[PDB]
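> Here it is, the structure, as structure tokens.
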Amino acid sequence: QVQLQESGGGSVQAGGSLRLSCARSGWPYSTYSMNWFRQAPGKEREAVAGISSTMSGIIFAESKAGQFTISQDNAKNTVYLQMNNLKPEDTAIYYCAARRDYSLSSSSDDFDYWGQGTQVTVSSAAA
């Protein structure tokens with residue numbers, strides 16, 4: 001059975017950083033691509049970043065240079081989302097997803113394997 005195990009979520013102050021991990025196990029294929037998606041309150045699920053077994057990481061979501069980096073550790077079968085300079089609008093449930101096709105796709109319906117989701121809450125600064 002395929003399992004995508006997420007870790008690293010939680011609360012962050014505005015301007016802070018966070019790194020999410022997604023450990024893949026039971027993967028049955030010689031190739032993959034893996035994505036981070038997020039679902040903000042009241043919004044549709046959107047792709048944040050993607051990486052594959054042959055392609056280096058790319059960021060789908062507009063922000064800056066900047067806010068997001070996707071990386072992987074092949075020996076640990078794990079993919080990561082490094083986040084920086086976080087803002088309140090980055091609050092969301094963050095999901096890891098996987099598929100056999102090693103091109104990069106932002107389409108949620110292309111992914112048949114999903115992590116359970118982890119909440120990231122970015123608090124606001126005084127005003």
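Chain labels A, B, ... are given in the sequence in which chains occur in the structure tokens; within each chain residues are numbered consecutively from 1, and ligands are likewise numbered from 1 in the order shown.
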Write out as number ranges by chain the residues lying within 12 Å of residue A:48, counting only C-alpha atoms and excluding same-chain residues fewer than 3 positions away.

A: 34-40, 45, 51, 57-63, 67-70, 80-83, 90, 92-97, 104-108

> Export N, CA and C atoms of the chosen residues as an mmCIF file, in the first residue's frame?


data_model
loop_
_atom_site.group_PDB
_atom_site.id
_atom_site.type_symbol
_atom_site.label_atom_id
_atom_site.label_comp_id
_atom_site.auth_asym_id
_atom_site.auth_seq_id
_atom_site.Cartn_x
_atom_site.Cartn_y
_atom_site.Cartn_z
ATOM 1 N N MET A 34 5.817 14.437 -7.421
ATOM 2 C CA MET A 34 5.129 14.737 -6.179
ATOM 3 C C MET A 34 4.912 16.230 -6.054
ATOM 4 N N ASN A 35 3.730 16.579 -5.555
ATOM 5 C CA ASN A 35 3.319 17.967 -5.385
ATOM 6 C C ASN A 35 3.014 18.291 -3.933
ATOM 7 N N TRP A 36 3.150 19.577 -3.616
ATOM 8 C CA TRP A 36 2.446 20.179 -2.494
ATOM 9 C C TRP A 36 1.280 20.978 -3.045
ATOM 10 N N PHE A 37 0.090 20.693 -2.532
ATOM 11 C CA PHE A 37 -1.117 21.471 -2.743
ATOM 12 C C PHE A 37 -1.500 22.146 -1.437
ATOM 13 N N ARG A 38 -2.328 23.178 -1.526
ATOM 14 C CA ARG A 38 -2.872 23.747 -0.303
ATOM 15 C C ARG A 38 -4.330 24.111 -0.516
ATOM 16 N N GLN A 39 -5.095 24.101 0.578
ATOM 17 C CA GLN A 39 -6.490 24.526 0.554
ATOM 18 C C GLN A 39 -6.679 25.555 1.660
ATOM 19 N N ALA A 40 -6.795 26.817 1.267
ATOM 20 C CA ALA A 40 -7.020 27.911 2.191
ATOM 21 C C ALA A 40 -8.494 27.963 2.567
ATOM 22 N N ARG A 45 -8.673 23.967 -3.612
ATOM 23 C CA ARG A 45 -7.318 23.438 -3.531
ATOM 24 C C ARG A 45 -6.480 23.920 -4.713
ATOM 25 N N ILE A 51 7.726 18.473 -8.084
ATOM 26 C CA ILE A 51 9.073 17.953 -8.310
ATOM 27 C C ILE A 51 8.914 16.547 -8.857
ATOM 28 N N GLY A 57 12.782 20.881 -8.685
ATOM 29 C CA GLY A 57 11.563 21.487 -8.170
ATOM 30 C C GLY A 57 11.201 22.813 -8.817
ATOM 31 N N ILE A 58 9.879 23.025 -8.949
ATOM 32 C CA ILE A 58 9.343 24.282 -9.453
ATOM 33 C C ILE A 58 8.168 24.715 -8.586
ATOM 34 N N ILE A 59 7.950 26.027 -8.551
ATOM 35 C CA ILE A 59 6.885 26.652 -7.772
ATOM 36 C C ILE A 59 5.795 27.090 -8.745
ATOM 37 N N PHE A 60 4.568 26.610 -8.529
ATOM 38 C CA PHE A 60 3.441 27.021 -9.367
ATOM 39 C C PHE A 60 2.833 28.333 -8.890
ATOM 40 N N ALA A 61 2.779 28.529 -7.578
ATOM 41 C CA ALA A 61 2.018 29.624 -6.988
ATOM 42 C C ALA A 61 2.785 30.934 -7.088
ATOM 43 N N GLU A 62 2.101 31.997 -7.499
ATOM 44 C CA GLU A 62 2.743 33.299 -7.475
ATOM 45 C C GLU A 62 2.920 33.770 -6.033
ATOM 46 N N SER A 63 4.050 34.420 -5.775
ATOM 47 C CA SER A 63 4.367 34.981 -4.468
ATOM 48 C C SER A 63 5.551 35.919 -4.638
ATOM 49 N N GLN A 67 9.021 32.737 -1.358
ATOM 50 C CA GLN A 67 8.305 32.180 -0.218
ATOM 51 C C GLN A 67 8.406 30.659 -0.163
ATOM 52 N N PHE A 68 8.471 29.982 -1.312
ATOM 53 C CA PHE A 68 8.426 28.520 -1.351
ATOM 54 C C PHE A 68 9.605 27.917 -2.109
ATOM 55 N N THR A 69 10.112 26.798 -1.590
ATOM 56 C CA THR A 69 11.099 25.954 -2.254
ATOM 57 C C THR A 69 10.683 24.508 -2.050
ATOM 58 N N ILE A 70 10.712 23.711 -3.110
ATOM 59 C CA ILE A 70 10.452 22.281 -2.995
ATOM 60 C C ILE A 70 11.754 21.532 -3.275
ATOM 61 N N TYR A 80 10.012 17.780 0.390
ATOM 62 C CA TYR A 80 9.949 18.853 1.374
ATOM 63 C C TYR A 80 9.398 20.125 0.760
ATOM 64 N N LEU A 81 8.754 20.924 1.602
ATOM 65 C CA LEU A 81 8.354 22.279 1.237
ATOM 66 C C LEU A 81 8.950 23.231 2.261
ATOM 67 N N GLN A 82 9.963 23.984 1.846
ATOM 68 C CA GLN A 82 10.533 25.030 2.690
ATOM 69 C C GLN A 82 9.773 26.324 2.449
ATOM 70 N N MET A 83 9.261 26.908 3.519
ATOM 71 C CA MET A 83 8.519 28.149 3.420
ATOM 72 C C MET A 83 9.224 29.233 4.220
ATOM 73 N N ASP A 90 -1.039 32.662 3.704
ATOM 74 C CA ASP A 90 -0.465 31.337 3.505
ATOM 75 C C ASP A 90 -1.076 30.306 4.446
ATOM 76 N N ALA A 92 -3.430 27.543 5.526
ATOM 77 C CA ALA A 92 -4.109 26.558 4.692
ATOM 78 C C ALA A 92 -3.835 25.180 5.273
ATOM 79 N N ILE A 93 -4.612 24.200 4.812
ATOM 80 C CA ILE A 93 -4.218 22.795 4.931
ATOM 81 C C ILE A 93 -3.302 22.463 3.759
ATOM 82 N N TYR A 94 -2.105 21.968 4.060
ATOM 83 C CA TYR A 94 -1.129 21.625 3.037
ATOM 84 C C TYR A 94 -1.122 20.121 2.828
ATOM 85 N N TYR A 95 -1.209 19.705 1.566
ATOM 86 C CA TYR A 95 -1.272 18.301 1.191
ATOM 87 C C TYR A 95 -0.098 17.935 0.310
ATOM 88 N N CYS A 96 0.439 16.756 0.528
ATOM 89 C CA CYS A 96 1.366 16.115 -0.377
ATOM 90 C C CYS A 96 0.583 15.176 -1.294
ATOM 91 N N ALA A 97 1.004 15.049 -2.554
ATOM 92 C CA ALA A 97 0.346 14.167 -3.504
ATOM 93 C C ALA A 97 1.380 13.552 -4.425
ATOM 94 N N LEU A 104 5.566 17.602 -14.769
ATOM 95 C CA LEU A 104 5.038 18.441 -13.700
ATOM 96 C C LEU A 104 3.629 18.896 -14.045
ATOM 97 N N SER A 105 2.700 18.693 -13.110
ATOM 98 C CA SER A 105 1.292 19.017 -13.299
ATOM 99 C C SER A 105 0.769 19.758 -12.084
ATOM 100 N N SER A 106 -0.051 20.778 -12.329
ATOM 101 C CA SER A 106 -0.729 21.499 -11.263
ATOM 102 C C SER A 106 -2.152 21.003 -11.021
ATOM 103 N N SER A 107 -2.590 19.974 -11.741
ATOM 104 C CA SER A 107 -3.979 19.527 -11.706
ATOM 105 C C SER A 107 -4.175 18.494 -10.602
ATOM 106 N N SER A 108 -5.047 18.805 -9.639
ATOM 107 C CA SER A 108 -5.293 17.862 -8.556
ATOM 108 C C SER A 108 -5.815 16.524 -9.081
#

> Which residues are near residue A:52? Cut-off 6 Å, only C-alpha atoms, ignore same chain within fewer than 4 positions. Put them as a PyMOL selection string.

chain A and resi 32-33+102

> Between A:88, A:98, A:9, A:72, which has the minimum distance to residue A:110 (counting only C-alpha atoms)?

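Between A:88, A:98, A:9, A:72, the residue approaching residue A:110 most closely is A:98.
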
> At a cut-off of 6 Å, using only C-alpha atoms, what residues contact residue A:25? Leave out same-chain residues fewer than 2 positions from it and give the result as number ranges by chain.

A: 2-3, 27

> Keeping N, CA, C and O atoms for every residue in the selection just given, could you write it to a file as a compact mmCIF listing (two decimals), in the first residue's frame?


# COMPACT_ATOMS: atom_id res chain seq x y z
N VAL A 2 0.48 2.25 -0.80
CA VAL A 2 1.18 3.53 -0.82
C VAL A 2 0.77 4.33 0.40
O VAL A 2 -0.42 4.42 0.73
N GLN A 3 1.74 4.95 1.06
CA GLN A 3 1.48 5.89 2.13
C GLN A 3 2.30 7.15 1.91
O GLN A 3 3.49 7.08 1.57
N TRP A 27 5.89 2.79 -2.59
CA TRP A 27 5.73 3.29 -3.95
C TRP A 27 6.02 2.17 -4.95
O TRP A 27 7.09 1.55 -4.89

> What lies within 8 Å of residue A:122 using only C-alpha atoms, ignoring chain neighbours under 3 positions off, as a compact mmCIF listing (two decimals) with C-alpha atoms, in the first residue's frame?


# COMPACT_ATOMS: atom_id res chain seq x y z
CA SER A 11 1.49 27.71 13.92
CA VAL A 12 3.89 30.37 12.60
CA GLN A 13 4.23 34.08 13.30
CA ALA A 14 3.95 36.48 10.38
CA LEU A 86 5.10 33.62 5.58
CA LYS A 87 1.99 35.80 5.52
CA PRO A 88 -1.51 35.30 6.94
CA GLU A 89 -2.81 34.35 3.47
CA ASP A 90 -0.46 31.34 3.51
CA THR A 91 -2.74 29.80 6.15

> DSSP says strand (DSSP E or B) for which residues of stretch 28-124 of chain A? Put them as JSON, numbers by chain?

{"A": [33, 34, 35, 36, 37, 38, 39, 46, 47, 48, 49, 50, 51, 52, 58, 59, 68, 69, 70, 71, 72, 73, 78, 79, 80, 81, 82, 83, 92, 93, 94, 95, 96, 97, 98, 99, 113, 114, 118, 119, 120, 121, 122]}

> Give the answer as one residue: which of A:71, A:4, A:20, A:76 has the shortest atom-to-atom distance to residue A:120, using only C-alpha atoms?

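Comparing A:71, A:4, A:20, A:76 against residue A:120, the winner is A:20.
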
> Of the candidates A:65, A:79, A:126, A:47, which one gets nearest to residue A:22 if we count only C-alpha atoms?

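Result for the nearest residue to residue A:22: A:79.
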
> What is the atom CA of residue A:113 to atom CA of residue A:85 distance in Å?

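A separation of 29.3 Å between them.
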
> Any idea what's packed within 8 Å of residue A:5, counting only C-alpha atoms, ignoring anything in its chain fewer than 5 positions away? Could you give it as a PyMOL selection string?

chain A and resi 21-24+115-116

> The selected residues should be written to file as an mmCIF file, in the first residue's frame (atoms: N, CA and C atoms).


data_model
loop_
_atom_site.group_PDB
_atom_site.id
_atom_site.type_symbol
_atom_site.label_atom_id
_atom_site.label_comp_id
_atom_site.auth_asym_id
_atom_site.auth_seq_id
_atom_site.Cartn_x
_atom_site.Cartn_y
_atom_site.Cartn_z
ATOM 1 N N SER A 21 7.521 18.115 5.585
ATOM 2 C CA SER A 21 8.051 16.874 5.035
ATOM 3 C C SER A 21 6.922 15.944 4.613
ATOM 4 N N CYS A 22 7.194 15.160 3.566
ATOM 5 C CA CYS A 22 6.252 14.148 3.090
ATOM 6 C C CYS A 22 7.057 12.906 2.744
ATOM 7 N N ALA A 23 6.895 11.854 3.548
ATOM 8 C CA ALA A 23 7.631 10.609 3.378
ATOM 9 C C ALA A 23 6.766 9.640 2.597
ATOM 10 N N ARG A 24 7.294 9.180 1.472
ATOM 11 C CA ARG A 24 6.638 8.228 0.598
ATOM 12 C C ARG A 24 7.081 6.814 0.963
ATOM 13 N N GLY A 115 -1.524 12.598 0.850
ATOM 14 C CA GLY A 115 -1.367 12.659 2.293
ATOM 15 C C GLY A 115 -2.630 13.165 2.967
ATOM 16 N N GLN A 116 -2.654 13.066 4.299
ATOM 17 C CA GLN A 116 -3.863 13.418 5.046
ATOM 18 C C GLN A 116 -4.064 14.919 5.212
#

> I need the residues of chain A that end up classed as helix (DSSP H, G or I) by DSSP on the backbone, written out as a list in words.

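Answer for chain A restricted to helix (DSSP H, G or I) is residues 88, 89, 90, 108, 109 and 110 of chain A.
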
> With C-alpha atoms kept, could you save the residues just selected as a PDB file, in the first residue's frame?


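The resulting file, selection09.pdb, is reproduced below:
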ATOM      1  CA  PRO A  88      -1.514  35.300   6.944  1.00  0.00           C
ATOM      2  CA  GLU A  89      -2.814  34.355   3.466  1.00  0.00           C
ATOM      3  CA  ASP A  90      -0.465  31.337   3.505  1.00  0.00           C
ATOM      4  CA  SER A 108      -5.293  17.862  -8.556  1.00  0.00           C
ATOM      5  CA  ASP A 109      -7.183  15.257 -10.598  1.00  0.00           C
ATOM      6  CA  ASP A 110      -3.856  13.998 -11.993  1.00  0.00           C
TER       7      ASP A 110
END

> Of the residues A:1, A:17, A:6, A:55, which is the one nearest to residue A:101, using only C-alpha atoms?

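Of all the options, A:55 lies closest to residue A:101.
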